[PDB]
Each structure stands twice: as C-alpha cells, then as structure tokens.
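Chemist: First, the structure itself, so that you have it in front of you.
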C-alpha cells in the first residue's frame, strides 16, 4: 500500500546523456544510435539568445566546433543538422547503450519522468505532468538544457520532451524530440506568455481513485451529478472539462473500486466548492493532478519494466 | 529554478536487482559482487510469517531451494547465510554491473531514493525520508520486499535500506544492508507499534531556505527568536528539537540567502502557531520535511554523479 509520485527507473536514459559544447556554451545531449540530439541554442552565446538567427548562426558553425563528451570519452561530430529546434549531431560511433526507443509527442495532461542533467551527467529524476498550457513545472538550473523527459513501456523508452528554456516566470518549456515546441514558445530570450494553466481533471479523478484504493474514503459524498453539471463547476475552478473519453479511460478504476465515474465527479465537485477543510488526501492538502489514470493503475498493480 | 522531490538516478541500482524465489514466495534481491542480499522471510510461507522460527526454517532450506533470477538468466546459489534479518545468498557469478558501493546505516531524518521492484524488475523510483520513528511512508505492493533505498555519492552508491514489511497501519519497515531493522520492528506478521512520528525540523528549515532561493519569501517574518524558545514551540507541534549541530548544518544556506538560522526559525515558529492560511510554499500547502539541508544545496547547486 501507499502512494508516491514515482518516476520511471532512469538507467536506460542515463547511458544516453552526453555533454555538448559549442563555443562557450555547454548543455546536455541525447545520444541515440549515432545521432546526438540537443537544443539548437547550444550554438548561441548569451547575446545571441536575445535575437538569434539560427540558420545564420548554424552556418557560422562547423562539425569541428561541436565537442560531444560522454564521461571521459570524446565523440567526433561527422555531421550536423537542424530539425526545427533540435540539432542533430551525427557522431562517428553509435551509442552501445542505445535502448529500444520511440519518439512521441505527448498530449497536455500526460505525465513523464525527467532526468535532470548538468554537463551531460545525471543529477536526479522526477515525475511531472505536461501542463495544459504546454509548460512543465520542473527543476532546471543553468546548464540543464537538453535534459529529456521519457516514459518507459516495458522494454521501450518513449522520449517525449527535451528541455530548452526557463521562461522569465520560472516555468519550463521545451520540445518533443523532433524539435517542435510544446506550446507557443520559441527558443529566444524574450518575454513569452504561457496560457492560463488549468488543472487536469481526469488526473485528479484518477488520484481520487488511488486514494480510495489506499483507504482514504472520507470524500466519498452523499451526492451524484451529471457530466454537463460537473463541467459547469469545473470550468469555474479552472479545471479542464471532462469528456466521455475521460470517463471511458477511468472505467477500470471505477470497476476496481465499485464507484461510478460520475459518482467520483460528485465527490470532486464537492471538494472544489467547499475545499478540503484542513484535511488531507494521500498526504496532500491540495488536489493532485500529476497522476494519469494509467499511472494509478500502474502503481496500484505494480507493473514492471526491463 | 524550481524545486522538485528529486530521486537519485537509479541506473547503478537497477542492474543489481534480482528475483529471489524460495518455495512459493518470490521477492527482490540485491546482487552485489557475488552475494545476493534479500529479506530472510523469503523462506517463509504465509503461515510461517505469523510466528517464524528463522533458524529452524532456514535449516530446512538448502542451497538448491533458492532460485535467483536476473532477467532470463539464472544464478546458482553456492552458499547461504543469515545476517540478522538478511539472507546472504552466495551465487557462483559476480554481478558484472556491481557499482562502487557502501553499506550505510542512516539516521532518522535522512533522505534516500527507493527503487521499487517486483519480481526483480524495477517499476519506479522515488525519494523519501527515514521518519524519526524509523518507518518510511513508501509505495510497496506485495512482492516488493527486498527493494532497496540508496544514496549516490558521485561514483559511490550508498545502500541504506532494504524493504521488509508493511505494518498493519500501512507504513513500511525494513533494515540496513547488514540486516538490522531500523526501529523496534521484527520480521513477523504481528501487530507492531511505531513510535510517535515527528516532523524533521532541520529539513523543514532547509526547505524554507529552498523556498527563499526560489523566490517564495512571504513567510519571512518581522520576528526573531532563540533556540530555546523555538524548541519550546516545536515540541508542541510534534517537531523534533533543533540543536546547534542543526544550526551548523544550515550554515551555508544561511550564508547564501543572508538569513540567519534563528531568523528562519522565527518564521517557521510563526508558520506553526498560525498556519499557512490557504497559501502555499513551493507548491505545497503543508510544510515539507523530506529535504535535508544537503538535498537543498545539491539541487540548488546542481551537483551531478557518475
């Protein structure tokens, strides 16, 4: 029993992290097979970041200007390419630790693990959600760019996120592994607005189900509700609206606990309109939205990976 | 910027996890060099757990009764030994992935990462604290026993915890890697009382300093206080008392932020006596005590490991 914000085991990713240096700037890269993926702003100095012309800047750089380092071994860059916002640095040797991997573009509200790295060296791992406004509330210091987010199917690592920027508001932005930003952000040091951040309702419901499974039942209320009437209240508290797809996704959790999804919605609705009155749920005084319904089933059923 | 409950990268540990089977029971083992460490109650059936005579039970078991499996390879048990509450299963092959390691007995209030495993296969990693009552509030399903907790010095893994038991209260108990339980617990399925759990005050102060560093300053109050007067209030709220050693440990955080330790104590004292009034600190509505002063400096300075 018990419930924790669990990250995926990071080993399969740790062996893919390299240090990329272009000029003075050094950040992290992802060494899969014979391509090193890293943020293209590695080619930028502090001045260039304010208004970078990446095509022009990249053209002033040559293969020999990129120093890729993995531990105390050096990789030779035999080719460089820019895909949207990622640099593809083709090196001469394929990473012998290359796991079975997938590149995926996740949707807001999905969770993944981040391996936070500095100088190509892992410092820690934590689980987070892609906010509905396509930011992440991470922990990234200077030099952590190129840190990646991932999910692990049993033997297959799904890379979904590469860190690029800390917005001036202190939240973090990045791309998928094809270099396409999540959200409306660009890799330039300018003020950039993230949209209104909403709470991921289906995740909160998932976590409520986890709370029931772990014995926290006090929020099971006397009421029920409709999906239309629930969404009316959720809109007021900046919760994303619930769809039938979300109900369908919560099906197994409803079956395991004997609590229909709309009955849990009535409990959540009451939690929103009346708060938690100095009480907790799974140790939290706030409603948690960084567990998907799949995270809950995974943790409550103990699925493992390679 | 930003702050997250970061776990250590788990790769160095993942390659040490094996599956141990004795009779019907299967749990996790730790394969270091040529010794597999696992909970001795692997030799127990469900009935034996209520009143196990481990010496007698172990004597009824032979080397060929222990099936150690790592992936799809089998390890041959060439010897078995019981050290306090751990079984030492000497196998014929030394783990080629054996990291530089240390066995350490940590003190209550210290943090470490747990690699939660089932059938010898990693399912997730999370950071936790050893409570002052020598329990841990983990996430362990059936078959997760033998999961280990660890810290990572740059290249050296310090194993500090092996999971053995979920207490009937749903909290978790285990041993160091020499088999000595943390706390007054025994590995038998009987009601076992954990002491009063207190909040780890020096950790809460560390996390306050992290909050200042990350821009959460509203709790910096108009007051100051003495170490004697602070401990008077902390005792009322089930906070462990603060020593000069704790003050000395917080020294660097005090230097970085320009806030004397006793001034932070006055802020914490006010937080205790008056609550947080529906406000948050680093995203939390509760005071967090699972970051040590070293965790904060580590995360705020971005120290890395092998």
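Protein chains in written order, with full-length UniProt numbering: chain U, 3264 to 3569; chain Y, 3264 to 3569.
Virtual Cβ for every residue (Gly too), placed ideally from N, Cα, C.
1. Check the Cβ-Cβ distances between residue 3413(Y) and every residue of chain U, and say whether any is below 7 Å.
2. By DSSP's criteria, residue 3393(U) is part of a beta bridge. Which residues make up the other side?
3. Which residues, in order along the region 3406–3436 of chain U, keep a beta-carbon less than 8 Å from a beta-carbon of chain Y?
4. Buried or exposed: where does residue 3336(Y) fall if 16 or more other Cβ atoms within 10 Å of its Cβ makes it buried?
5. Of all the alpha helix (DSSP H) runs that stay within the bounds of the region 3437–3487 of chain U, which reach a length of 4 or more residues?
6. At least one CB of chain Y closer than 7 Å to the CB of residue 3557(U): is that the case?
7. Relative to the C-alpha of residue 3450(Y), which residue among 3320(Y), 3427(Y), 3497(Y), 3387(Y) is closest?
8. My assumption, with CB atoms under 8 Å, is that residue 3389(Y) sits in contact with residue 3270(U). Please give the rounded CB distance.
9. Taking the alpha carbon of residue 3573(Y) as the point to measure from, which residue in 3361(Y), 3302(Y), 3424(Y) has its own alpha carbon closest?
10. Using a Cβ-Cβ distance cut-off of 7 Å, determine whether residue 3325(U) contacts chain Y.
11. Taking a cut of 9 Å between CB atoms, which residues from the region 3477–3496 of chain U lie near chain Y?
12. When the Cα of residue 3393(Y) is compared with those of 3468(Y), 3564(Y), 3555(Y), which residue comes out closest?
13. Alpha carbon to alpha carbon, how far is residue 3413(Y) from residue 3522(Y)? Give it in angstroms, no decimals.
14. Under 8 Å by Cβ, that's how I've got residue 3419(Y) and residue 3363(Y) pegged, so tell me the actual separation to the nearest angstrom.
15. Cβ of residue 3265(Y) less than 7 Å from any chain U Cβ?
16. Assign residue 3313(U) to buried or exposed, taking buried as 16 or more other Cβ atoms, counted over all protein chains shown, within 10 Å of its Cβ.
17. Apart from the five residues just before and just after residue 3265(Y), which ones in its own chain have a Cβ nearer than 8 Å to its Cβ?
18. By Cβ distance, which residues of its chain are closer than 7 Å to residue 3324(Y), with the 5 residues on each side in sequence left out?
19. Please work out which residues of its chain come closer than 6 Å, Cβ to Cβ, to residue 3288(Y), disregarding the five sequence neighbours upstream and downstream, and give them in chain order.
20. Let me know the secondary structure DSSP gives residue 3292(U) once reduced to three states.
21. Does the beta carbon of residue 3388(U) sit closer than 7 Å to a beta carbon anywhere in chain Y?
22. Could you give the uninterrupted runs of the alpha helix (DSSP H) lying entirely in the region 3265–3319 of chain U, keeping only those of 4 residues or more?
23. Please state whether DSSP places residue 3421(U) in a helix, a strand or coil.
24. Would you kindly check if the distance between the Cβ of residue 3479(U) and the Cβ of residue 3531(U) is under 7 Å?
25. For residue 3271(Y), which residues in chain U fall below 7 Å Cβ to Cβ?
26. Taking Cβ-Cβ distances shorter than 7 Å, what residues in chain U pair up with residue 3277(Y)?
27. Along the chain, where does the alpha helix (DSSP H) containing residue 3572(Y) start, and where does it finish?
28. List the residues that DSSP assigns as beta-bridge partners of residue 3345(U).
29. Name, going along the chain, the residues of the region 3543–3569 of chain U whose beta-carbon falls closer than 9 Å to a beta-carbon of chain Y.
30. Assuming residue 3387(U) and residue 3385(Y) make a contact with CB atoms under 8 Å, what is their CB distance in whole Å?
31. Can you tell me which of 3345(U), 3297(U), 3333(U) puts its alpha carbon nearest to the alpha carbon of residue 3318(U)?
32. What is the C-beta distance between residue 3434(U) and residue 3489(U), in whole angstroms, given that I count them as a contact (C-beta under 8 Å)?
33. Please tell me whether residue 3309(U) has its Cβ less than 7 Å away from any Cβ of chain Y.
34. Given a limit of 9 Å on CB to CB distance, which residues of the region 3356–3383 of chain Y reach chain U?
35. Mark residue 3481(U) as exposed unless 16 or more other C-beta atoms lie within 10 angstroms of its C-beta, in which case mark it buried.
36. Using three-state DSSP, classify residue 3367(Y) as helix, strand or coil.
Modeler: Answer, in terms of the structure:
1. no
2. For residue 3393(U), which the question treats as bridged, DSSP gives no partner whatsoever.
3. 3406, 3407, 3429, 3433, 3434, 3435
4. exposed
5. 3464–3476
6. no
7. 3427(Y)
8. 7 Å
9. This structure leaves residue 3573(Y) out entirely; chain Y is present only between 3264 and 3569.
10. no
11. 3477, 3478
12. 3555(Y)
13. 32 Å
14. 5 Å
15. yes
16. exposed
17. 3477
18. 3285, 3306
19. 3305
20. strand
21. yes
22. 3274–3277
23. strand
24. no
25. 3387
26. 3272, 3274
27. With chain Y covering only 3264 through 3569, there is no way to say anything about residue 3572(Y).
28. 3350(U)
29. 3543, 3546, 3547, 3548, 3549, 3561, 3562, 3563, 3564, 3565, 3566, 3567, 3568, 3569
30. Incorrect: roughly 16 Å between the Cβ atoms, too far for contact.
31. 3345(U)
32. With 8 Å as the limit, residue 3434(U) and residue 3489(U) do not qualify as a contact, their Cβ atoms being about 35 Å apart.
33. no
34. 3376, 3377, 3378, 3379, 3380, 3381, 3382, 3383
35. exposed
36. coil
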